[PDB]
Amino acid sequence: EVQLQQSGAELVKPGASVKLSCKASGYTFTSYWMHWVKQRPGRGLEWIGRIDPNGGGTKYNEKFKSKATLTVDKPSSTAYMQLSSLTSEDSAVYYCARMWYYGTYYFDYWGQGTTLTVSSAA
């Protein structure tokens, strides 16, 4: 019943910006943190940061602070992640993952992921 639906594949030009979405459903949105994670081939997983849908407080990996902007929209139960000044290093699969943070910290449900390809117009 808990579901995290992320937006479709994206193709964007270098230097541009993009906004990815993560639609949450089947639970109380504001009760869980939402993380964003970056996956590139041979590069395992990279943590981008998390957002608390309750107050929209964020925590970032230093390496992504100037790269990513996390927000939420309570009404639509959607978490967004904007990525700016795109380069080919940003090409990857991006996931949103929910976390329970009371008494412990654990991920449970993950989105299916969104593929981003940063591609120059020929």
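Numbering starts at 1 and follows the sequence shown.
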Between 72-80 and 44-52, point out the one with the higher average CA B-factor as the PDB entry records it. 72-80
So, looking at the entry's B-factor column for Cα atoms, which has the higher mean, 83-91 or 23-31? 23-31
Would you mind checking where the Cα B-factor of residue 99 ranks among the modelled residues of its chain, as the lowest, middle or highest third? lowest
Record-listed C-alpha B factor of residue 16: chain third: middle
